[PDB]
Amino acid sequence: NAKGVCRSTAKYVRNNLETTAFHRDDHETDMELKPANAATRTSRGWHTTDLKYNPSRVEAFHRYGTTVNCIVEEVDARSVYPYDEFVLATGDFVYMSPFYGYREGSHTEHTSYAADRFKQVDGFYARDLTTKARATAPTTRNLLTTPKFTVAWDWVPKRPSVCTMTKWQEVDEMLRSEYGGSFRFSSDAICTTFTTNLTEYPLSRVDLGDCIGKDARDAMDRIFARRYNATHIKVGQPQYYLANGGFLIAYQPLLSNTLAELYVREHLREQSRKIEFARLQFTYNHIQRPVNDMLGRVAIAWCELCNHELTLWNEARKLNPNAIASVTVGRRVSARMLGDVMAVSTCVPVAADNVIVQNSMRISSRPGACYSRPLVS
Amino acid sequence: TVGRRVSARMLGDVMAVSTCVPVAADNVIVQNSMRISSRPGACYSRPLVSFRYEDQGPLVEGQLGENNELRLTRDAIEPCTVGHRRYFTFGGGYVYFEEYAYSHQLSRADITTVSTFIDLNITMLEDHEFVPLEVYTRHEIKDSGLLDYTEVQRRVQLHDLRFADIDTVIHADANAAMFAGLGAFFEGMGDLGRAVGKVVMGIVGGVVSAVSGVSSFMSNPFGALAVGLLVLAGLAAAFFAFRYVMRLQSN
Amino acid sequence: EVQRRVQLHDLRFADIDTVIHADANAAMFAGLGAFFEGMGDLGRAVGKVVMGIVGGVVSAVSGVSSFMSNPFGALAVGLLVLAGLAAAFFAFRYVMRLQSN
């Protein structure tokens, strides 16, 4: 931080004992940190020795008795609730809360490293290794030593709380049926089938802030006004259910005008020989049988269609991961198959005038070979 | 198409089919390592397993295939890489391996799902590689996951280049450089160049063919033995006669 | 199956590369190196000169091997040994006459 240099010496372990290394077998010296040429605009990096890029590495390791190279790298970091640990853009984990420290409220957070491995600094000032210029305002700096690298970040107090659940999908049409002592839900919009117990969940016992309830009511009314107001009727008040896998479903049953009148004429005959549709919806067997057949056929049609599309899409995913992932996310991304799952990251853009193409694809050193695609700078 | 697990194979322009047999999840065991001990450069592509068809039956050996399939061959092998990481589907969950060794198991609920053809809520990072030093010092190959269609055709084009370089070496021979050197010298001398070159090329051809003949004879064990016995006899005769004349030289 | 075979072929090329990049003397140098490192200071004092003389031996053998591969090089030694055999057997038969009488 003070000058942009390292000591040219290090401690290492071999044969179960500690030993000291020295750059090219020479004495302790301040080595200058140089920018990495292939590093992006963001996620910058610096090194003390050029062997990572220069071809001299083919002989350098046989030319000197020992080498020492100092590395410094900027990376993105992410943490998720309950914020007990975090990950780095290199794929490594850190078993400590990003909000931890010695200040108020920070010292009670989760940690898995010894007390000597952590240190905090107040009134710290950053300095860019590229420009050699110092920062204008101070920060609080956290420092931690992992068994394979040291890591540092700027400290901030723990952010406020938020609603326990977030809206994922608004479904215009969703069929519900009862089978094997459980409810089953399905739609053409999503290929998932939700399964749930018959008992309704008491949402009011937990959503005291109405953050789930209010949003649900508004969405159901928007959908009803847009598509159903002219052809269907609301049967009763909304219902809440907790589906397998950790989803919460807000449901609103409907009846079409053409079907509602069948319940009306049955009720009129029942009243003649001797309205809350919620009391009648499943009582008249002769009306429900045609409905079970009609809607059962619709549900099966959607099920067969999902299997057809998933089968084609999952095969294309193996041939070209980048194209398939970019279409799903809606932006250019890089993707790779790590066995039976996919890993992803973001690509960085470059302006069209900052690119130059070379005139030849032939390799001069080996006459039989040629490049498949053009060379660029 | 059929609505159940089946095995299929393409016999040219038609398909052949048969039924698969199920095995219970508790009758299967996975091994801790993917490295091959007999040949240090090779590693298995997918984990090794052991299982039983019935709760009391003898053990059978295999390799874990795609989508819970149990293969009986143990033939998926690759050259070992650095920075290896993999997740394999296993009995309704996943098993995690790193640097060709086992680590732990996960539930299908532990990983986020791209549950729709389009979804924008993913919170990615700009990844930065923490490359191992062996890539520079020992020139070891860095892992790159499963091959895609572009990568497959890139490797096929690289292998046919290597075979082409081998063909050039066996089709050509060391005398071609000599013949080219001689020809380049003679063509520049005109009529005299051809008048001398035509006879010089003939005698040089006689030399290389004669040398090739005697060299070829030694390929046979009896040919190699005959020349070996001749030089051995010559050595015995030489040292005996040399020692004998040394006696005369002495007195 | 296609990607399984592609990975099997690149394993075979890696084994071929390993054989041509390495050489028979590496095993000898490794054996010598392990002995001299284990021998300590005196081991280094001897090893530094031993690698020089062994280098002279292997380079001399390679030097003649590079000559022997040429048709004229093979012919030159062939004519020399043939002449040596003729000289040896003639001289042996000659002294045998003297040995007889």
# chains A, B, ... in the order shown; residues from 1 in each chain; ligands from 1
$ interface_residues --of "chain C" --to "chain B" --cutoff "10 Å" --atoms "only C-alpha atoms" --output "ChimeraX atom specification"
/C:1-15,18,69-72,74-75,78,81-82,84-96,99
$ residues_around --residues "residue 4 in chain B" --least-positions-apart "4" --cutoff "12 Å" --atoms "only C-alpha atoms" --output "JSON, numbers by chain"
{"B": [18, 19, 20, 21, 22]}
$ write_last_selection --atoms "C-alpha atoms" --output "PDB file, in the first residue's frame"
ATOM      1  CA  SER B  18     -34.581 -53.360 -25.565  1.00  0.00           C
ATOM      2  CA  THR B  19     -35.673 -52.844 -21.924  1.00  0.00           C
ATOM      3  CA  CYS B  20     -33.426 -51.715 -19.039  1.00  0.00           C
ATOM      4  CA  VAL B  21     -33.532 -53.330 -15.554  1.00  0.00           C
ATOM      5  CA  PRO B  22     -33.831 -51.222 -12.347  1.00  0.00           C
TER       6      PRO B  22
END
$ interface_residues --of "chain A" --to "chain B" --cutoff "8 Å" --atoms "only C-alpha atoms" --output "ChimeraX atom specification"
/A:43,52,57-58,61,75-77,89-90,190-192,245,318-321,327-330,336-341,344-347,368-369
$ write_last_selection --atoms "C-alpha atoms" --output "tab-separated table (two decimals), in the first residue's frame"
chain	number	residue	atom	x	y	z
A	43	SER	CA	-10.83	-7.52	-12.12
A	52	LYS	CA	3.58	-15.83	-16.74
A	57	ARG	CA	9.95	-19.86	-18.77
A	58	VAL	CA	11.10	-22.79	-20.96
A	61	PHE	CA	13.36	-22.54	-14.12
A	75	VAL	CA	-11.98	-9.72	-7.51
A	76	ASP	CA	-15.76	-9.70	-7.10
A	77	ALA	CA	-17.22	-11.29	-3.94
A	89	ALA	CA	-14.47	-14.73	-8.29
A	90	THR	CA	-11.71	-17.44	-8.29
A	190	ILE	CA	-44.21	-23.36	-16.64
A	191	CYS	CA	-43.26	-27.06	-16.94
A	192	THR	CA	-43.16	-27.61	-13.14
A	245	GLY	CA	-39.46	-27.57	-2.78
A	318	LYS	CA	-24.68	-29.74	-24.80
A	319	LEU	CA	-23.64	-28.74	-28.35
A	320	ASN	CA	-23.45	-24.96	-27.73
A	321	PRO	CA	-23.67	-23.78	-24.09
A	327	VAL	CA	-30.81	-16.57	-24.96
A	328	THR	CA	-32.17	-17.62	-21.54
A	329	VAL	CA	-30.48	-14.82	-19.55
A	330	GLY	CA	-31.00	-12.11	-22.22
A	336	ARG	CA	-19.29	-24.47	-19.27
A	337	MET	CA	-20.51	-27.98	-18.34
A	338	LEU	CA	-18.87	-29.23	-15.10
A	339	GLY	CA	-20.27	-32.74	-15.56
A	340	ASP	CA	-24.05	-32.81	-14.99
A	341	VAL	CA	-24.44	-29.07	-14.11
A	344	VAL	CA	-21.64	-19.33	-15.81
A	345	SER	CA	-20.01	-15.85	-15.88
A	346	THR	CA	-20.35	-12.49	-17.69
A	347	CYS	CA	-18.49	-11.41	-20.86
A	368	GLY	CA	2.27	-27.76	-43.40
A	369	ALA	CA	0.04	-25.87	-40.90
$ residues_around --residues "residue 235 in chain A" --least-positions-apart "2" --cutoff "7 Å" --atoms "only C-alpha atoms" --output "list in words"
residues 233, 253, 254, 255, 277 and 278 of chain A
$ residues_around --residues "residue 84 in chain A" --least-positions-apart "5" --cutoff "8 Å" --atoms "only C-alpha atoms" --output "ChimeraX atom specification"
/A:79,95-98,109-111
$ closest_atom_pairs --of "range 29-68 of chain A" --to "range 126-129 of chain A" --cutoff "10 Å" --atoms "only C-alpha atoms" --output "Markdown table"
| residue | atom | partner | partner_atom | distance |
| --- | --- | --- | --- | --- |
| A:32 | CA | A:129 | CA | 9.6 |
| A:33 | CA | A:129 | CA | 7.4 |
| A:34 | CA | A:129 | CA | 8.0 |
| A:35 | CA | A:129 | CA | 8.0 |
| A:45 | CA | A:129 | CA | 9.4 |
| A:46 | CA | A:129 | CA | 8.0 |
$ write_last_selection --atoms "C-alpha atoms" --output "PDB file, in the first residue's frame"
ATOM      1  CA  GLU A  32       8.025  -3.312  -8.381  1.00  0.00           C
ATOM      2  CA  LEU A  33       4.506  -4.579  -9.142  1.00  0.00           C
ATOM      3  CA  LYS A  34       3.685  -4.422 -12.882  1.00  0.00           C
ATOM      4  CA  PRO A  35       0.197  -4.566 -14.501  1.00  0.00           C
ATOM      5  CA  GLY A  45      -4.055  -7.736 -11.455  1.00  0.00           C
ATOM      6  CA  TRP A  46      -0.322  -7.089 -10.900  1.00  0.00           C
TER       7      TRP A  46
END
$ atom_distance --atom1 "CA of residue 142 in chain A" --atom2 "CA of residue 113 in chain A"
13.8 Å
$ atom_distance --atom1 "CA of residue 152 in chain A" --atom2 "CA of residue 71 in chain A"
13.8 Å
$ atom_distance --atom1 "CA of residue 176 in chain A" --atom2 "CA of residue 298 in chain A"
11.8 Å
$ residues_around --residues "range 28-32 of chain C" --least-positions-apart "5" --cutoff "9 Å" --atoms "only C-alpha atoms" --output "list in words"
residues 37, 47, 50 and 51 of chain C
$ select_by_dssp --residues "range 210-344 of chain A" --states "alpha helix (DSSP H)" --output "MDAnalysis selection string"
chainID A and resid 213:223 257:272 285:319 321:329
$ residues_around --residues "range 170-173 of chain A" --least-positions-apart "2" --cutoff "12 Å" --atoms "only C-alpha atoms" --output "CSV table (one decimal) with C-alpha atoms, in the first residue's frame"
chain,number,residue,atom,x,y,z
A,166,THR,CA,-40.3,-12.5,-3.5
A,167,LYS,CA,-42.8,-12.8,-6.4
A,168,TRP,CA,-41.5,-15.3,-9.0
A,175,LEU,CA,-55.6,-25.9,-13.1
A,176,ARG,CA,-56.0,-27.5,-9.7
A,185,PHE,CA,-51.3,-27.6,-9.7
A,186,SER,CA,-50.3,-27.2,-13.4
A,187,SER,CA,-50.1,-24.6,-16.2
A,188,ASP,CA,-48.8,-24.2,-19.8
A,189,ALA,CA,-46.7,-21.2,-18.7
A,190,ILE,CA,-44.2,-23.4,-16.6
A,215,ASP,CA,-48.9,-7.9,-3.8
A,216,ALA,CA,-50.9,-11.1,-4.4
A,217,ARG,CA,-54.3,-9.2,-4.2
A,218,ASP,CA,-53.1,-6.5,-6.7
A,219,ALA,CA,-51.8,-9.1,-9.2
A,220,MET,CA,-54.9,-11.3,-9.2
A,221,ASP,CA,-57.1,-8.2,-9.8
A,222,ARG,CA,-55.0,-7.0,-12.8
A,223,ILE,CA,-55.2,-10.4,-14.4
A,224,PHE,CA,-58.9,-10.8,-13.8
A,225,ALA,CA,-59.7,-7.4,-15.3
A,226,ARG,CA,-57.4,-8.0,-18.4
A,227,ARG,CA,-58.8,-11.5,-19.4
A,228,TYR,CA,-61.6,-12.9,-17.2
A,249,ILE,CA,-48.8,-20.4,-4.0
A,250,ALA,CA,-51.7,-17.8,-3.8
A,251,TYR,CA,-54.8,-19.2,-5.6
A,252,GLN,CA,-58.1,-17.8,-6.8
A,253,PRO,CA,-60.7,-20.2,-8.2
A,254,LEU,CA,-63.0,-19.3,-11.1
A,298,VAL,CA,-56.1,-30.2,-21.2
A,299,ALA,CA,-53.6,-31.0,-18.4
$ decode --residues "range 91-112 of chain A" --atoms "N, CA, C and O atoms" --output "PDB file, in the first residue's frame"
ATOM      1  N   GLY A  91     -13.444 -18.896  -7.341  1.00  0.00           N
ATOM      2  CA  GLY A  91     -14.120 -20.117  -6.943  1.00  0.00           C
ATOM      3  C   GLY A  91     -13.852 -20.538  -5.502  1.00  0.00           C
ATOM      4  O   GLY A  91     -14.358 -21.571  -5.068  1.00  0.00           O
ATOM      5  N   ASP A  92     -13.066 -19.768  -4.746  1.00  0.00           N
ATOM      6  CA  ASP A  92     -12.718 -20.032  -3.363  1.00  0.00           C
ATOM      7  C   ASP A  92     -13.715 -19.475  -2.353  1.00  0.00           C
ATOM      8  O   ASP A  92     -14.301 -18.416  -2.569  1.00  0.00           O
ATOM      9  N   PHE A  93     -13.874 -20.171  -1.225  1.00  0.00           N
ATOM     10  CA  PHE A  93     -14.747 -19.813  -0.120  1.00  0.00           C
ATOM     11  C   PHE A  93     -13.978 -19.209   1.049  1.00  0.00           C
ATOM     12  O   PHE A  93     -12.808 -19.521   1.259  1.00  0.00           O
ATOM     13  N   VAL A  94     -14.655 -18.389   1.854  1.00  0.00           N
ATOM     14  CA  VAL A  94     -14.130 -17.748   3.047  1.00  0.00           C
ATOM     15  C   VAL A  94     -15.171 -17.865   4.155  1.00  0.00           C
ATOM     16  O   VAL A  94     -16.246 -17.274   4.068  1.00  0.00           O
ATOM     17  N   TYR A  95     -14.862 -18.623   5.208  1.00  0.00           N
ATOM     18  CA  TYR A  95     -15.750 -18.915   6.316  1.00  0.00           C
ATOM     19  C   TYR A  95     -15.800 -17.840   7.394  1.00  0.00           C
ATOM     20  O   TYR A  95     -15.398 -18.038   8.540  1.00  0.00           O
ATOM     21  N   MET A  96     -16.280 -16.654   7.017  1.00  0.00           N
ATOM     22  CA  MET A  96     -16.444 -15.495   7.873  1.00  0.00           C
ATOM     23  C   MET A  96     -17.494 -14.559   7.292  1.00  0.00           C
ATOM     24  O   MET A  96     -17.557 -14.384   6.075  1.00  0.00           O
ATOM     25  N   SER A  97     -18.320 -13.928   8.129  1.00  0.00           N
ATOM     26  CA  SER A  97     -19.310 -12.981   7.651  1.00  0.00           C
ATOM     27  C   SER A  97     -18.656 -11.735   7.069  1.00  0.00           C
ATOM     28  O   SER A  97     -17.796 -11.161   7.734  1.00  0.00           O
ATOM     29  N   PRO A  98     -19.061 -11.227   5.901  1.00  0.00           N
ATOM     30  CA  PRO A  98     -18.486 -10.021   5.334  1.00  0.00           C
ATOM     31  C   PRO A  98     -18.731  -8.778   6.182  1.00  0.00           C
ATOM     32  O   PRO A  98     -18.033  -7.782   6.005  1.00  0.00           O
ATOM     33  N   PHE A  99     -19.699  -8.819   7.101  1.00  0.00           N
ATOM     34  CA  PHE A  99     -20.053  -7.736   8.000  1.00  0.00           C
ATOM     35  C   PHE A  99     -19.301  -7.762   9.324  1.00  0.00           C
ATOM     36  O   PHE A  99     -19.431  -6.827  10.113  1.00  0.00           O
ATOM     37  N   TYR A 100     -18.513  -8.806   9.599  1.00  0.00           N
ATOM     38  CA  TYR A 100     -17.747  -8.958  10.820  1.00  0.00           C
ATOM     39  C   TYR A 100     -16.691  -7.878  11.021  1.00  0.00           C
ATOM     40  O   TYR A 100     -16.215  -7.267  10.066  1.00  0.00           O
ATOM     41  N   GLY A 101     -16.292  -7.641  12.273  1.00  0.00           N
ATOM     42  CA  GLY A 101     -15.300  -6.658  12.668  1.00  0.00           C
ATOM     43  C   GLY A 101     -15.223  -6.494  14.181  1.00  0.00           C
ATOM     44  O   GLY A 101     -15.731  -7.343  14.911  1.00  0.00           O
ATOM     45  N   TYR A 102     -14.584  -5.427  14.671  1.00  0.00           N
ATOM     46  CA  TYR A 102     -14.486  -5.126  16.087  1.00  0.00           C
ATOM     47  C   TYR A 102     -15.438  -4.027  16.545  1.00  0.00           C
ATOM     48  O   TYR A 102     -15.613  -3.822  17.744  1.00  0.00           O
ATOM     49  N   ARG A 103     -16.082  -3.318  15.612  1.00  0.00           N
ATOM     50  CA  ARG A 103     -17.045  -2.263  15.865  1.00  0.00           C
ATOM     51  C   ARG A 103     -18.382  -2.806  16.355  1.00  0.00           C
ATOM     52  O   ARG A 103     -18.633  -4.010  16.320  1.00  0.00           O
ATOM     53  N   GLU A 104     -19.273  -1.909  16.782  1.00  0.00           N
ATOM     54  CA  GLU A 104     -20.604  -2.221  17.269  1.00  0.00           C
ATOM     55  C   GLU A 104     -21.399  -3.081  16.293  1.00  0.00           C
ATOM     56  O   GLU A 104     -21.403  -2.832  15.089  1.00  0.00           O
ATOM     57  N   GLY A 105     -22.060  -4.127  16.796  1.00  0.00           N
ATOM     58  CA  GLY A 105     -22.864  -5.062  16.031  1.00  0.00           C
ATOM     59  C   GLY A 105     -22.109  -6.005  15.103  1.00  0.00           C
ATOM     60  O   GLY A 105     -22.633  -7.061  14.758  1.00  0.00           O
ATOM     61  N   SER A 106     -20.875  -5.681  14.708  1.00  0.00           N
ATOM     62  CA  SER A 106     -20.072  -6.501  13.818  1.00  0.00           C
ATOM     63  C   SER A 106     -19.411  -7.689  14.507  1.00  0.00           C
ATOM     64  O   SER A 106     -19.408  -8.792  13.963  1.00  0.00           O
ATOM     65  N   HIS A 107     -18.926  -7.522  15.739  1.00  0.00           N
ATOM     66  CA  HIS A 107     -18.207  -8.534  16.490  1.00  0.00           C
ATOM     67  C   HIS A 107     -18.993  -9.777  16.893  1.00  0.00           C
ATOM     68  O   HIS A 107     -18.386 -10.765  17.301  1.00  0.00           O
ATOM     69  N   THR A 108     -20.325  -9.769  16.797  1.00  0.00           N
ATOM     70  CA  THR A 108     -21.159 -10.909  17.137  1.00  0.00           C
ATOM     71  C   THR A 108     -21.422 -11.857  15.975  1.00  0.00           C
ATOM     72  O   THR A 108     -22.036 -12.903  16.171  1.00  0.00           O
ATOM     73  N   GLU A 109     -21.001 -11.519  14.753  1.00  0.00           N
ATOM     74  CA  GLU A 109     -21.211 -12.344  13.579  1.00  0.00           C
ATOM     75  C   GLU A 109     -20.390 -13.629  13.541  1.00  0.00           C
ATOM     76  O   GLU A 109     -19.413 -13.796  14.271  1.00  0.00           O
ATOM     77  N   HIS A 110     -20.794 -14.557  12.671  1.00  0.00           N
ATOM     78  CA  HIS A 110     -20.164 -15.852  12.492  1.00  0.00           C
ATOM     79  C   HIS A 110     -18.757 -15.792  11.907  1.00  0.00           C
ATOM     80  O   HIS A 110     -18.497 -15.054  10.958  1.00  0.00           O
ATOM     81  N   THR A 111     -17.856 -16.619  12.443  1.00  0.00           N
ATOM     82  CA  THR A 111     -16.471 -16.777  12.034  1.00  0.00           C
ATOM     83  C   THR A 111     -15.975 -18.194  12.300  1.00  0.00           C
ATOM     84  O   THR A 111     -16.431 -18.843  13.237  1.00  0.00           O
ATOM     85  N   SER A 112     -15.014 -18.677  11.507  1.00  0.00           N
ATOM     86  CA  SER A 112     -14.414 -19.994  11.640  1.00  0.00           C
ATOM     87  C   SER A 112     -12.890 -19.993  11.616  1.00  0.00           C
ATOM     88  O   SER A 112     -12.274 -21.043  11.446  1.00  0.00           O
TER      89      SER A 112
END
